[PDB]
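Just so you know, all these numbers are worked out from the coordinates, no wet-lab data involved. A quick note on method: Cβ atoms are made from the backbone with ideal geometry, for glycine too, and the neighbour counts reach across all protein chains shown.
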Amino acid sequence: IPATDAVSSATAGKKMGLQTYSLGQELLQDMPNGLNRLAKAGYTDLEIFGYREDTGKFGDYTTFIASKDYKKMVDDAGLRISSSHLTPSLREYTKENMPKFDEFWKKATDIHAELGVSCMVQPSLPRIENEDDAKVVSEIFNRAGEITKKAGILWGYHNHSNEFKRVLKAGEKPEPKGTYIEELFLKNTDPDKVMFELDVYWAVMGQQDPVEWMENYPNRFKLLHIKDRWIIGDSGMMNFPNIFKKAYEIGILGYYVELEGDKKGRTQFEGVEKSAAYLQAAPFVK
């Protein structure tokens, strides 16, 4: 399985992940061949989606796949499912509901241990209107992470942009004031229970320097999502040389590429392949 950035038959491919939600139906409609395509482009790792808490199976948004069959398909293609995005159906993040969230995470961990993932990540922000809401959410995240860690799996949280809104304390006189939501989650979660999958793109879209966040919480951001307008490295917006330099400094465990739907009529496979080509050729990507 040749590395694309070096001709030598001893050069390992760069380790590179993809969030498969990027491909939607293009992958699901022909998975063996699609997986081979991803492997040919240099992807080594997948972060999946679609876990259903009632059945314990994975599906898009008729048919659902069990962990064993999922793992087999991906393994046969020379890939590994190393992460998974999942969110409880329960939307009420209250102290009273903490045992219900535990039940979700316990069952999900059992299924994901079968799947053989290293990480389980929640990518969905609860309602946060003040600090207290963020603290209760953080307590629930802690409990989730303790549960996953029993199986040797890292629990993490994936941000978009709204985590870079500020919230005040309950009772705090309004008028910048308040604390970033992301900051509150960091400060109120245990590093041994909870890590963060830093979305560098949605951080920039929230007016943040992702390198600054990485520098301030170096042991907490253990994964990145690598995202751009579309094709990674094709826009005016993101400084991937600096993001990757800081990532290696802080010791990230890995990253997953994601693309949203194209606006110019192209396939997701194209964007995913061209993203891979950039990262594979980039000398700042290890």
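Specify whether the C-alpha gyration tensor of the stretch 92-244 places it in the rounded, prolate or oblate class, a ≥ b ≥ c being the square roots of the eigenvalues: rounded for a/c under 1.5, otherwise prolate if a/b is larger than b/c and oblate if not. Taking the square roots of the gyration eigenvalues as a ≥ b ≥ c, the stretch 92-244 is oblate. Across the cross-link table entries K187/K222; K135/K165; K106/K227, which are compared at the Cα atoms, the separations over 19 Å belong to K106/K227. Taking 18 Å as the limit for the C-alpha separation, the pairs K15/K149; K246/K286; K95/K177 exceed it in the case of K15/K149; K95/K177.
By the count of other C-beta atoms within 10 Å, a proxy for reagent exposure, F185, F64, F240 are ordered fewest to most as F64, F240, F185. Assuming charge only on the beta carbon of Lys and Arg (+1) and of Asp and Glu (-1), the dipole of the chain about its Cα centre is about 320 debye to the nearest 20. Loop-located GluC sites (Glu not before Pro) across the stretch 89-148 with a Cβ neighbour count of 16 or fewer within 10 Å are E92, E129, with loop assigned by DSSP. Within a straight-line Cα-Cα reach of under 15 Å, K193 can be paired with the following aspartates and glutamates, leaving aside sequence neighbours fewer than 8 residues apart in one chain: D102, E139, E146. Ranking of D60, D54 by neighbouring Cβ atoms within 10 Å, starting from the fewest: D54, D60. The chymotrypsin sites (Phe, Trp or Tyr not before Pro) of the stretch 246-286 that meet both conditions, a loop assignment by DSSP and at most 14 other Cβ atoms within 10 Å of the site Cβ, are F284. By other beta-carbon atoms within 10 Å, ranking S118, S9 with the fewest at the front produces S9, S118.
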